[PDB]
>>> print(open('data37.pdb').read())   # PDB, C-alpha atoms
ATOM      1  CA  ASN E   1      33.342  19.054  58.218  1.00  0.00           C
ATOM      2  CA  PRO E   2      30.283  17.345  59.738  1.00  0.00           C
ATOM      3  CA  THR E   3      31.086  14.610  62.238  1.00  0.00           C
ATOM      4  CA  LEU E   4      29.495  11.611  60.506  1.00  0.00           C
ATOM      5  CA  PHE E   5      30.306  11.520  56.786  1.00  0.00           C
ATOM      6  CA  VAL E   6      27.496   9.964  54.739  1.00  0.00           C
ATOM      7  CA  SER E   7      26.365   9.905  51.115  1.00  0.00           C
ATOM      8  CA  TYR E   8      24.323  13.063  51.775  1.00  0.00           C
ATOM      9  CA  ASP E   9      27.448  15.104  52.621  1.00  0.00           C
ATOM     10  CA  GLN E  10      29.377  14.241  49.435  1.00  0.00           C
ATOM     11  CA  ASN E  11      30.029  16.856  46.749  1.00  0.00           C
ATOM     12  CA  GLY E  12      31.461  16.292  43.295  1.00  0.00           C
ATOM     13  CA  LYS E  13      29.963  12.805  43.025  1.00  0.00           C
ATOM     14  CA  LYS E  14      29.609  11.038  39.695  1.00  0.00           C
ATOM     15  CA  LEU E  15      26.094  10.336  38.455  1.00  0.00           C
ATOM     16  CA  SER E  16      26.338   6.610  37.609  1.00  0.00           C
ATOM     17  CA  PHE E  17      24.121   7.356  34.616  1.00  0.00           C
ATOM     18  CA  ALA E  18      23.259   4.641  32.108  1.00  0.00           C
ATOM     19  CA  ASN E  19      24.825   4.822  28.644  1.00  0.00           C
ATOM     20  CA  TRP E  20      21.692   3.853  26.713  1.00  0.00           C
ATOM     21  CA  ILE E  21      18.078   4.844  26.067  1.00  0.00           C
ATOM     22  CA  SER E  22      15.042   2.542  26.166  1.00  0.00           C
ATOM     23  CA  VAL E  23      13.792   2.840  22.580  1.00  0.00           C
ATOM     24  CA  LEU E  24      10.455   1.041  22.979  1.00  0.00           C
ATOM     25  CA  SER E  25       9.096   1.893  19.525  1.00  0.00           C
ATOM     26  CA  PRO E  26       7.184  -0.426  17.149  1.00  0.00           C
ATOM     27  CA  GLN E  27       7.677   0.248  13.418  1.00  0.00           C
ATOM     28  CA  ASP E  28       6.337  -2.937  11.827  1.00  0.00           C
ATOM     29  CA  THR E  29       4.557  -1.378   8.828  1.00  0.00           C
ATOM     30  CA  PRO E  30       3.155  -4.591   7.291  1.00  0.00           C
ATOM     31  CA  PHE E  31       0.923  -2.837   4.765  1.00  0.00           C
ATOM     32  CA  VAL E  32       3.266  -0.233   3.270  1.00  0.00           C
ATOM     33  CA  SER E  33       6.007  -2.877   3.156  1.00  0.00           C
ATOM     34  CA  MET E  34       4.048  -4.815   0.505  1.00  0.00           C
ATOM     35  CA  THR E  35       1.839  -2.253  -1.272  1.00  0.00           C
ATOM     36  CA  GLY E  36       4.290  -1.220  -3.987  1.00  0.00           C
ATOM     37  CA  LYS E  37       5.795   1.967  -5.416  1.00  0.00           C
ATOM     38  CA  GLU E  38       4.858   3.773  -8.626  1.00  0.00           C
ATOM     39  CA  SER E  39       6.097   7.229  -9.598  1.00  0.00           C
ATOM     40  CA  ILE E  40       3.749   9.863 -11.019  1.00  0.00           C
ATOM     41  CA  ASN E  41       4.002  13.424 -12.322  1.00  0.00           C
ATOM     42  CA  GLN E  42       0.833  15.228 -11.184  1.00  0.00           C
ATOM     43  CA  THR E  43      -0.895  15.727  -7.842  1.00  0.00           C
ATOM     44  CA  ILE E  44      -4.042  13.978  -9.151  1.00  0.00           C
ATOM     45  CA  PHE E  45      -4.111  10.491 -10.679  1.00  0.00           C
ATOM     46  CA  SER E  46      -7.012   8.490 -12.082  1.00  0.00           C
ATOM     47  CA  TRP E  47      -7.684   4.998 -13.393  1.00  0.00           C
ATOM     48  CA  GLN E  48     -10.436   3.213 -15.300  1.00  0.00           C
ATOM     49  CA  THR E  49     -12.607   0.333 -14.094  1.00  0.00           C
TER      50      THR E  49
ATOM     51  CA  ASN Y   1      -2.026  36.519  -9.559  1.00  0.00           C
ATOM     52  CA  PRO Y   2       1.184  35.005  -8.130  1.00  0.00           C
ATOM     53  CA  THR Y   3       3.909  34.937 -10.771  1.00  0.00           C
ATOM     54  CA  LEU Y   4       5.163  31.696  -9.205  1.00  0.00           C
ATOM     55  CA  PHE Y   5       3.659  28.493 -10.592  1.00  0.00           C
ATOM     56  CA  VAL Y   6       1.451  26.333  -8.362  1.00  0.00           C
ATOM     57  CA  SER Y   7      -0.396  23.084  -9.014  1.00  0.00           C
ATOM     58  CA  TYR Y   8      -3.757  24.754  -8.376  1.00  0.00           C
ATOM     59  CA  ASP Y   9      -2.984  27.360 -11.061  1.00  0.00           C
ATOM     60  CA  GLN Y  10      -1.423  25.124 -13.722  1.00  0.00           C
ATOM     61  CA  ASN Y  11      -3.586  24.776 -16.836  1.00  0.00           C
ATOM     62  CA  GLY Y  12      -1.692  22.468 -19.186  1.00  0.00           C
ATOM     63  CA  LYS Y  13      -1.552  19.219 -17.225  1.00  0.00           C
ATOM     64  CA  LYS Y  14      -0.852  15.633 -18.266  1.00  0.00           C
ATOM     65  CA  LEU Y  15      -3.504  13.641 -16.410  1.00  0.00           C
ATOM     66  CA  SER Y  16      -0.998  10.825 -15.730  1.00  0.00           C
ATOM     67  CA  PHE Y  17      -3.519   8.020 -16.123  1.00  0.00           C
ATOM     68  CA  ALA Y  18      -2.929   4.406 -15.108  1.00  0.00           C
ATOM     69  CA  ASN Y  19      -2.670   2.999 -18.663  1.00  0.00           C
ATOM     70  CA  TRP Y  20      -4.886  -0.042 -18.015  1.00  0.00           C
ATOM     71  CA  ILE Y  21      -8.431  -1.091 -17.128  1.00  0.00           C
ATOM     72  CA  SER Y  22      -9.566  -3.332 -14.268  1.00  0.00           C
ATOM     73  CA  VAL Y  23     -12.397  -5.816 -14.829  1.00  0.00           C
ATOM     74  CA  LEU Y  24     -13.323  -8.515 -12.309  1.00  0.00           C
ATOM     75  CA  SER Y  25     -16.235 -10.047 -14.246  1.00  0.00           C
ATOM     76  CA  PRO Y  26     -15.723 -13.805 -13.685  1.00  0.00           C
ATOM     77  CA  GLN Y  27     -15.250 -16.048 -16.718  1.00  0.00           C
ATOM     78  CA  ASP Y  28     -14.759 -19.430 -15.046  1.00  0.00           C
ATOM     79  CA  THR Y  29     -17.485 -21.447 -16.806  1.00  0.00           C
ATOM     80  CA  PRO Y  30     -16.587 -24.901 -15.418  1.00  0.00           C
ATOM     81  CA  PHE Y  31     -19.463 -26.734 -17.105  1.00  0.00           C
ATOM     82  CA  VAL Y  32     -18.035 -25.782 -20.512  1.00  0.00           C
ATOM     83  CA  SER Y  33     -14.697 -27.363 -19.500  1.00  0.00           C
ATOM     84  CA  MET Y  34     -16.334 -30.804 -19.747  1.00  0.00           C
ATOM     85  CA  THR Y  35     -15.698 -33.382 -22.479  1.00  0.00           C
ATOM     86  CA  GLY Y  36     -15.183 -31.866 -25.921  1.00  0.00           C
ATOM     87  CA  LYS Y  37     -17.873 -30.665 -28.311  1.00  0.00           C
ATOM     88  CA  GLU Y  38     -19.562 -32.433 -31.226  1.00  0.00           C
ATOM     89  CA  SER Y  39     -20.352 -30.717 -34.518  1.00  0.00           C
ATOM     90  CA  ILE Y  40     -23.623 -31.475 -36.310  1.00  0.00           C
ATOM     91  CA  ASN Y  41     -25.530 -30.347 -39.407  1.00  0.00           C
ATOM     92  CA  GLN Y  42     -29.246 -30.360 -38.559  1.00  0.00           C
ATOM     93  CA  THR Y  43     -30.945 -28.318 -35.846  1.00  0.00           C
ATOM     94  CA  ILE Y  44     -32.341 -31.469 -34.175  1.00  0.00           C
ATOM     95  CA  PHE Y  45     -30.215 -34.329 -32.840  1.00  0.00           C
ATOM     96  CA  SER Y  46     -31.136 -37.498 -30.979  1.00  0.00           C
ATOM     97  CA  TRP Y  47     -29.793 -40.644 -29.353  1.00  0.00           C
ATOM     98  CA  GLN Y  48     -31.040 -44.066 -28.280  1.00  0.00           C
ATOM     99  CA  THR Y  49     -31.238 -45.255 -24.667  1.00  0.00           C
TER     100      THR Y  49
END
>>> encode(input="data37.pdb", output="structure tokens")
Amino acid sequence: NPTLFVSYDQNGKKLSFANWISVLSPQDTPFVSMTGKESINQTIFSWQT
Amino acid sequence: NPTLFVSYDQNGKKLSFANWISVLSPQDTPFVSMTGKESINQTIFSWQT
């Protein structure tokens, strides 16, 4: 094999990959977290004022 | 036309109203929350100073 053995002449070398993923995702949701839930039956709802 | 049932084609529909009414007309009236009232008989009253 080549005279001088260096990192560029290596085959079958492990990847040294990282076992995680940078999940940089904001999901605060301040509004929906305090609005409130109310079930309905139709696709159109109305109210009086 | 389509034998399947779709919201746009439904005829008998329960409106699913809100079951209340919203009114914001203020009713504070602080000046009426003063000292109590005083019943009288005649349409003209008076006092000495």
>>> residues_around(input="data37.pdb", residues="segment 25-41 of chain E", least_positions_apart="6", cutoff="12 Å", atoms="all atoms listed in the file", output="compact mmCIF listing (two decimals) with C-alpha atoms, in the coordinates of the input")
# COMPACT_ATOMS: atom_id res chain seq x y z
CA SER Y 7 -0.40 23.08 -9.01
CA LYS Y 13 -1.55 19.22 -17.23
CA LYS Y 14 -0.85 15.63 -18.27
CA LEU Y 15 -3.50 13.64 -16.41
CA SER Y 16 -1.00 10.82 -15.73
CA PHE Y 17 -3.52 8.02 -16.12
CA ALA Y 18 -2.93 4.41 -15.11
>>> closest_residue(input="data37.pdb", among="E:19, E:3, E:48, E:10", to="chain Y", atoms="all atoms listed in the file")
E:48
>>> calpha_fit_rmsd(input="data37.pdb", fixed="chain Y", moving="chain E")
2.0 Å
>>> interface_residues(input="data37.pdb", of="chain E", to="chain Y", cutoff="8 Å", atoms="only C-alpha atoms", output="PDB file with C-alpha atoms, keeping the file's coordinate frame")
ATOM      1  CA  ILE E  40       3.749   9.863 -11.019  1.00  0.00           C
ATOM      2  CA  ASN E  41       4.002  13.424 -12.322  1.00  0.00           C
ATOM      3  CA  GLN E  42       0.833  15.228 -11.184  1.00  0.00           C
ATOM      4  CA  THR E  43      -0.895  15.727  -7.842  1.00  0.00           C
ATOM      5  CA  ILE E  44      -4.042  13.978  -9.151  1.00  0.00           C
ATOM      6  CA  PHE E  45      -4.111  10.491 -10.679  1.00  0.00           C
ATOM      7  CA  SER E  46      -7.012   8.490 -12.082  1.00  0.00           C
ATOM      8  CA  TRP E  47      -7.684   4.998 -13.393  1.00  0.00           C
ATOM      9  CA  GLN E  48     -10.436   3.213 -15.300  1.00  0.00           C
ATOM     10  CA  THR E  49     -12.607   0.333 -14.094  1.00  0.00           C
TER      11      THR E  49
END
>>> axis_aligned_box(input="data37.pdb", around="segment 27-35 of chain Y", padding_each_side="8 Å", output="AutoDock Vina command-line options")
--center_x -17.1 --center_y -24.7 --center_z -18.8 --size_x 20.8 --size_y 33.3 --size_z 23.4
>>> decode(input="data37.pdb", residues="segment 12-47 of chain E", atoms="N, CA, C and O atoms", output="PDB file, in the first residue's frame")
ATOM      1  N   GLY E  12     -13.075   1.810   5.374  1.00  0.00           N
ATOM      2  CA  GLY E  12     -13.823   1.164   6.435  1.00  0.00           C
ATOM      3  C   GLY E  12     -13.733   1.903   7.751  1.00  0.00           C
ATOM      4  O   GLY E  12     -13.621   1.271   8.809  1.00  0.00           O
ATOM      5  N   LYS E  13     -13.777   3.231   7.710  1.00  0.00           N
ATOM      6  CA  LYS E  13     -13.627   4.060   8.895  1.00  0.00           C
ATOM      7  C   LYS E  13     -14.994   4.479   9.415  1.00  0.00           C
ATOM      8  O   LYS E  13     -15.871   4.876   8.643  1.00  0.00           O
ATOM      9  N   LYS E  14     -15.171   4.382  10.730  1.00  0.00           N
ATOM     10  CA  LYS E  14     -16.422   4.793  11.342  1.00  0.00           C
ATOM     11  C   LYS E  14     -16.645   6.288  11.126  1.00  0.00           C
ATOM     12  O   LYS E  14     -15.719   7.048  10.833  1.00  0.00           O
ATOM     13  N   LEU E  15     -17.900   6.707  11.274  1.00  0.00           N
ATOM     14  CA  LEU E  15     -18.302   8.061  10.918  1.00  0.00           C
ATOM     15  C   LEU E  15     -18.214   9.051  12.068  1.00  0.00           C
ATOM     16  O   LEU E  15     -18.171  10.261  11.817  1.00  0.00           O
ATOM     17  N   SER E  16     -18.186   8.581  13.314  1.00  0.00           N
ATOM     18  CA  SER E  16     -18.152   9.468  14.475  1.00  0.00           C
ATOM     19  C   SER E  16     -19.353  10.411  14.474  1.00  0.00           C
ATOM     20  O   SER E  16     -19.264  11.564  14.897  1.00  0.00           O
ATOM     21  N   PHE E  17     -20.486   9.913  13.986  1.00  0.00           N
ATOM     22  CA  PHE E  17     -21.693  10.717  13.909  1.00  0.00           C
ATOM     23  C   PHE E  17     -22.269  10.956  15.301  1.00  0.00           C
ATOM     24  O   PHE E  17     -22.064  10.175  16.235  1.00  0.00           O
ATOM     25  N   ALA E  18     -23.001  12.058  15.431  1.00  0.00           N
ATOM     26  CA  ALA E  18     -23.620  12.433  16.692  1.00  0.00           C
ATOM     27  C   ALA E  18     -24.986  11.777  16.827  1.00  0.00           C
ATOM     28  O   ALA E  18     -25.769  11.739  15.873  1.00  0.00           O
ATOM     29  N   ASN E  19     -25.267  11.263  18.020  1.00  0.00           N
ATOM     30  CA  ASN E  19     -26.521  10.563  18.295  1.00  0.00           C
ATOM     31  C   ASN E  19     -27.587  11.510  18.837  1.00  0.00           C
ATOM     32  O   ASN E  19     -28.173  11.283  19.895  1.00  0.00           O
ATOM     33  N   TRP E  20     -27.850  12.587  18.104  1.00  0.00           N
ATOM     34  CA  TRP E  20     -28.890  13.536  18.479  1.00  0.00           C
ATOM     35  C   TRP E  20     -29.169  14.437  17.285  1.00  0.00           C
ATOM     36  O   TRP E  20     -28.452  14.412  16.280  1.00  0.00           O
ATOM     37  N   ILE E  21     -30.226  15.235  17.410  1.00  0.00           N
ATOM     38  CA  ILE E  21     -30.638  16.178  16.376  1.00  0.00           C
ATOM     39  C   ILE E  21     -31.009  17.488  17.053  1.00  0.00           C
ATOM     40  O   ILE E  21     -31.742  17.492  18.048  1.00  0.00           O
ATOM     41  N   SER E  22     -30.507  18.597  16.515  1.00  0.00           N
ATOM     42  CA  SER E  22     -30.762  19.921  17.079  1.00  0.00           C
ATOM     43  C   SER E  22     -32.186  20.329  16.728  1.00  0.00           C
ATOM     44  O   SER E  22     -32.463  20.842  15.642  1.00  0.00           O
ATOM     45  N   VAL E  23     -33.104  20.099  17.665  1.00  0.00           N
ATOM     46  CA  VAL E  23     -34.512  20.458  17.480  1.00  0.00           C
ATOM     47  C   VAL E  23     -34.671  21.868  18.037  1.00  0.00           C
ATOM     48  O   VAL E  23     -35.016  22.072  19.202  1.00  0.00           O
ATOM     49  N   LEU E  24     -34.417  22.857  17.184  1.00  0.00           N
ATOM     50  CA  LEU E  24     -34.549  24.270  17.534  1.00  0.00           C
ATOM     51  C   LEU E  24     -35.910  24.733  17.027  1.00  0.00           C
ATOM     52  O   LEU E  24     -36.023  25.343  15.964  1.00  0.00           O
ATOM     53  N   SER E  25     -36.954  24.439  17.801  1.00  0.00           N
ATOM     54  CA  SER E  25     -38.333  24.662  17.376  1.00  0.00           C
ATOM     55  C   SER E  25     -39.116  25.314  18.506  1.00  0.00           C
ATOM     56  O   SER E  25     -39.266  24.704  19.585  1.00  0.00           O
ATOM     57  N   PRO E  26     -39.630  26.539  18.324  1.00  0.00           N
ATOM     58  CA  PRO E  26     -40.494  27.133  19.352  1.00  0.00           C
ATOM     59  C   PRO E  26     -41.960  26.780  19.153  1.00  0.00           C
ATOM     60  O   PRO E  26     -42.495  26.928  18.050  1.00  0.00           O
ATOM     61  N   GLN E  27     -42.617  26.315  20.213  1.00  0.00           N
ATOM     62  CA  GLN E  27     -44.031  25.946  20.185  1.00  0.00           C
ATOM     63  C   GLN E  27     -44.748  26.507  21.409  1.00  0.00           C
ATOM     64  O   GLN E  27     -45.485  25.808  22.107  1.00  0.00           O
ATOM     65  N   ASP E  28     -44.527  27.793  21.688  1.00  0.00           N
ATOM     66  CA  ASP E  28     -45.106  28.408  22.879  1.00  0.00           C
ATOM     67  C   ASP E  28     -46.626  28.289  22.878  1.00  0.00           C
ATOM     68  O   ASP E  28     -47.215  27.662  23.765  1.00  0.00           O
ATOM     69  N   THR E  29     -47.281  28.887  21.883  1.00  0.00           N
ATOM     70  CA  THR E  29     -48.737  28.897  21.797  1.00  0.00           C
ATOM     71  C   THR E  29     -49.346  29.506  23.055  1.00  0.00           C
ATOM     72  O   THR E  29     -49.984  28.795  23.842  1.00  0.00           O
ATOM     73  N   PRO E  30     -49.177  30.811  23.282  1.00  0.00           N
ATOM     74  CA  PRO E  30     -49.769  31.432  24.473  1.00  0.00           C
ATOM     75  C   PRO E  30     -51.266  31.654  24.328  1.00  0.00           C
ATOM     76  O   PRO E  30     -52.016  31.545  25.303  1.00  0.00           O
ATOM     77  N   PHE E  31     -51.710  31.967  23.110  1.00  0.00           N
ATOM     78  CA  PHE E  31     -53.116  32.284  22.887  1.00  0.00           C
ATOM     79  C   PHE E  31     -53.984  31.036  22.988  1.00  0.00           C
ATOM     80  O   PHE E  31     -54.868  30.944  23.848  1.00  0.00           O
ATOM     81  N   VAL E  32     -53.739  30.056  22.115  1.00  0.00           N
ATOM     82  CA  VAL E  32     -54.548  28.845  22.096  1.00  0.00           C
ATOM     83  C   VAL E  32     -54.510  28.124  23.435  1.00  0.00           C
ATOM     84  O   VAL E  32     -55.440  27.379  23.763  1.00  0.00           O
ATOM     85  N   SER E  33     -53.453  28.326  24.222  1.00  0.00           N
ATOM     86  CA  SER E  33     -53.341  27.644  25.505  1.00  0.00           C
ATOM     87  C   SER E  33     -54.296  28.204  26.551  1.00  0.00           C
ATOM     88  O   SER E  33     -54.441  27.602  27.620  1.00  0.00           O
ATOM     89  N   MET E  34     -54.947  29.337  26.274  1.00  0.00           N
ATOM     90  CA  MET E  34     -55.861  29.948  27.226  1.00  0.00           C
ATOM     91  C   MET E  34     -57.202  30.345  26.625  1.00  0.00           C
ATOM     92  O   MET E  34     -58.060  30.850  27.358  1.00  0.00           O
ATOM     93  N   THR E  35     -57.413  30.138  25.326  1.00  0.00           N
ATOM     94  CA  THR E  35     -58.691  30.495  24.717  1.00  0.00           C
ATOM     95  C   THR E  35     -59.833  29.711  25.351  1.00  0.00           C
ATOM     96  O   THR E  35     -60.742  30.289  25.960  1.00  0.00           O
ATOM     97  N   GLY E  36     -59.800  28.388  25.218  1.00  0.00           N
ATOM     98  CA  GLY E  36     -60.869  27.542  25.708  1.00  0.00           C
ATOM     99  C   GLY E  36     -61.442  26.666  24.615  1.00  0.00           C
ATOM    100  O   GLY E  36     -61.355  27.005  23.431  1.00  0.00           O
ATOM    101  N   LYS E  37     -62.034  25.539  25.000  1.00  0.00           N
ATOM    102  CA  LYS E  37     -62.588  24.579  24.058  1.00  0.00           C
ATOM    103  C   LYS E  37     -64.095  24.484  24.247  1.00  0.00           C
ATOM    104  O   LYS E  37     -64.596  24.549  25.373  1.00  0.00           O
ATOM    105  N   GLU E  38     -64.810  24.330  23.136  1.00  0.00           N
ATOM    106  CA  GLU E  38     -66.263  24.187  23.176  1.00  0.00           C
ATOM    107  C   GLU E  38     -66.697  23.416  21.941  1.00  0.00           C
ATOM    108  O   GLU E  38     -66.504  23.890  20.817  1.00  0.00           O
ATOM    109  N   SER E  39     -67.279  22.239  22.146  1.00  0.00           N
ATOM    110  CA  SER E  39     -67.684  21.387  21.039  1.00  0.00           C
ATOM    111  C   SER E  39     -68.956  21.911  20.388  1.00  0.00           C
ATOM    112  O   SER E  39     -69.816  22.510  21.038  1.00  0.00           O
ATOM    113  N   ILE E  40     -69.065  21.679  19.079  1.00  0.00           N
ATOM    114  CA  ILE E  40     -70.231  22.065  18.296  1.00  0.00           C
ATOM    115  C   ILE E  40     -70.594  20.911  17.371  1.00  0.00           C
ATOM    116  O   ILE E  40     -69.901  19.894  17.305  1.00  0.00           O
ATOM    117  N   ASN E  41     -71.700  21.084  16.647  1.00  0.00           N
ATOM    118  CA  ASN E  41     -72.234  20.043  15.778  1.00  0.00           C
ATOM    119  C   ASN E  41     -72.220  20.407  14.303  1.00  0.00           C
ATOM    120  O   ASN E  41     -72.098  19.512  13.465  1.00  0.00           O
ATOM    121  N   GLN E  42     -72.340  21.685  13.967  1.00  0.00           N
ATOM    122  CA  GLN E  42     -72.388  22.130  12.582  1.00  0.00           C
ATOM    123  C   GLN E  42     -71.097  22.847  12.202  1.00  0.00           C
ATOM    124  O   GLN E  42     -70.260  23.175  13.044  1.00  0.00           O
ATOM    125  N   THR E  43     -70.949  23.087  10.901  1.00  0.00           N
ATOM    126  CA  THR E  43     -69.803  23.814  10.372  1.00  0.00           C
ATOM    127  C   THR E  43     -69.976  25.324  10.448  1.00  0.00           C
ATOM    128  O   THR E  43     -69.051  26.055  10.078  1.00  0.00           O
ATOM    129  N   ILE E  44     -71.129  25.804  10.910  1.00  0.00           N
ATOM    130  CA  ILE E  44     -71.407  27.233  11.014  1.00  0.00           C
ATOM    131  C   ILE E  44     -72.081  27.480  12.354  1.00  0.00           C
ATOM    132  O   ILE E  44     -73.114  26.872  12.654  1.00  0.00           O
ATOM    133  N   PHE E  45     -71.501  28.366  13.157  1.00  0.00           N
ATOM    134  CA  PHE E  45     -72.032  28.723  14.461  1.00  0.00           C
ATOM    135  C   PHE E  45     -72.265  30.225  14.520  1.00  0.00           C
ATOM    136  O   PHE E  45     -71.578  31.004  13.850  1.00  0.00           O
ATOM    137  N   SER E  46     -73.242  30.629  15.328  1.00  0.00           N
ATOM    138  CA  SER E  46     -73.603  32.032  15.450  1.00  0.00           C
ATOM    139  C   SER E  46     -73.957  32.340  16.896  1.00  0.00           C
ATOM    140  O   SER E  46     -74.307  31.451  17.677  1.00  0.00           O
ATOM    141  N   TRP E  47     -73.860  33.620  17.244  1.00  0.00           N
ATOM    142  CA  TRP E  47     -74.175  34.081  18.586  1.00  0.00           C
ATOM    143  C   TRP E  47     -74.808  35.460  18.492  1.00  0.00           C
ATOM    144  O   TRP E  47     -74.671  36.160  17.485  1.00  0.00           O
TER     145      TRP E  47
END
